[PDB]
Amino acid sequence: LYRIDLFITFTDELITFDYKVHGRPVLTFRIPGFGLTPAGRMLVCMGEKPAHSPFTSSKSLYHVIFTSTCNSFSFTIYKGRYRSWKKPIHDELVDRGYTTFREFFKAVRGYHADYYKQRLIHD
């Protein structure tokens, strides 16, 4: 049983992706921000490419949880942080599995591959 937590922070200026293993930082990247609806933010969390909206001047956080066994792969998105009491805004379970962390991690990063290409780095 492998698990990765990804926290996505949306502002109009930047969208930040923070990946964690055992809750500690392993990978981060950020891209230029754009205007989004609530629906649009969920689609970004999903790794889709939504239509842009007017700016909102808002800051919001979304919590994406990836887990896998040799039998199944789970993908869950929360508005804000996971809580015992909170319903996910999107939840997917698929009959694919992984038996090494490196391959699991490669699958996880595949969700946002196209956003990774847009990342901003130092020179």
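Residue numbers here begin at 1 and follow the sequence given.
For the pair 22 to 30 and 42 to 50, the mean Cα B-factor is higher in 42 to 50. 95 to 103 and 13 to 21 differ in mean CA B-factor, and the higher of the two is recorded for 95 to 103. The PDB entry assigns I121 a C-alpha temperature factor belonging to the middle third of its chain's modelled residues. Sorting the modelled residues of the chain by their CA temperature factor places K86 in the middle third.
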